[PDB]
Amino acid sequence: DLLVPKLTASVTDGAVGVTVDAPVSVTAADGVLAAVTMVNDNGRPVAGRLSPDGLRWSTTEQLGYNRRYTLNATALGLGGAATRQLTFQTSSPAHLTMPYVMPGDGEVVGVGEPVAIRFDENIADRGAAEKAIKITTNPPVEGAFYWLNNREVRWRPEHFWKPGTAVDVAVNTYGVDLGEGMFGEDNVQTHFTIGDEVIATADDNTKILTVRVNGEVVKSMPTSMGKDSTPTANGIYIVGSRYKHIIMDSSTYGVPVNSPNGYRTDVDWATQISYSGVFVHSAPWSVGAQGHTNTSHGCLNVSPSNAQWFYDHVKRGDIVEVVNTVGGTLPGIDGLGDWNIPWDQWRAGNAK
């Protein structure tokens, strides 16, 4: 006839390994919730909120790893009253890993910019990490994950972004088992926008670096690329950081300075385009060979004014394409060579 109220929680009494990637909630049937408290092992209460109709209570703040929580709830209805007490334990990680996402929040980047999520620890379960990363695009475009190394995963579409696209990255790793008892230390979120299409093409046959903005040629720079014994790899490069001046140190990229292809020299107006250490930069010493002969260690050498032009007008995520050199092809897992991996292979990924 008149039923007693019933209490249902999203955890159960005695549960262990409860993941903290989601709130805890309680629902009343045949009655309303009169009070709900949740405390940790130390008696400290957890913040929560009861819905206005009295039917549903939920935690509202982050739940902690390695905690024993006690939930007390009372429901009242015309049929009488019901009270329950539940204790559960949350996940106890063996390790925590912190994600770091690029590009930065609010940035405007070029059409070649991948989403990058780098953890500070090796990820045993790549599939769990990919599943925990939510990418929103507008206009919507399909994309896919691919791992550069054990710690950094990249996401991009099949073709270069459409200018004007919003990209939203929710790395929702808090409470997620990323393998072997390694859980996400925190969530991170970033949002960025794709700007103009900027593609600069260096053609060894002509020795010209041509900059096209939304398809229109805006600059033609005589360049000197890698001499035969240190060639510039062909392929697609993503623009990385830019520097007013920087000491280029070959040992940074694996080559002892004191070795025959080593070097250590202060350089102006330098835009990095590969982790292997290719840059567009000012080369006053080879102005005469630019547009004619390859003389560099791999860099795209241009005039000082053209290098400053490049610094001022080309942004992170814009594209440099190198063609017809005697080099090989830039490795797809360079760090900035993601677009050299064919789409079918990128889309199949490497989560295992």
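Numbers follow the displayed sequence, beginning with 1.
In this entry, 247-255 has the higher mean Cα B-factor, the comparison being between 247-255 and 184-192. Averaged over CA atoms, B-factors in the entry run higher in 338-346 than in the other of 7-15 and 338-346.
Remark: of 206, 276, 74, 87, 206 shows the highest value [criterion: C-alpha B-factor in the PDB entry]. Based on the entry's C-alpha B-factors, the most elevated value among 169, 117, 267, 96 belongs to 267.
In the deposited entry, the Cα temperature factor of residue 317 sits in the bottom third of values across the chain's modelled residues. Sort the modelled residues of the chain by CA B factor and residue 48 lands in the middle third. Ranked by Cα temperature factor within the chain, residue 260 sits in the highest third according to the deposited record. Among all modelled residues in this chain, the alpha-carbon of residue 164 has a temperature factor (C-alpha) in the lowest third. In this PDB entry, residue 285 carries a Cα temperature factor that places it within the highest third of its chain's modelled residues.
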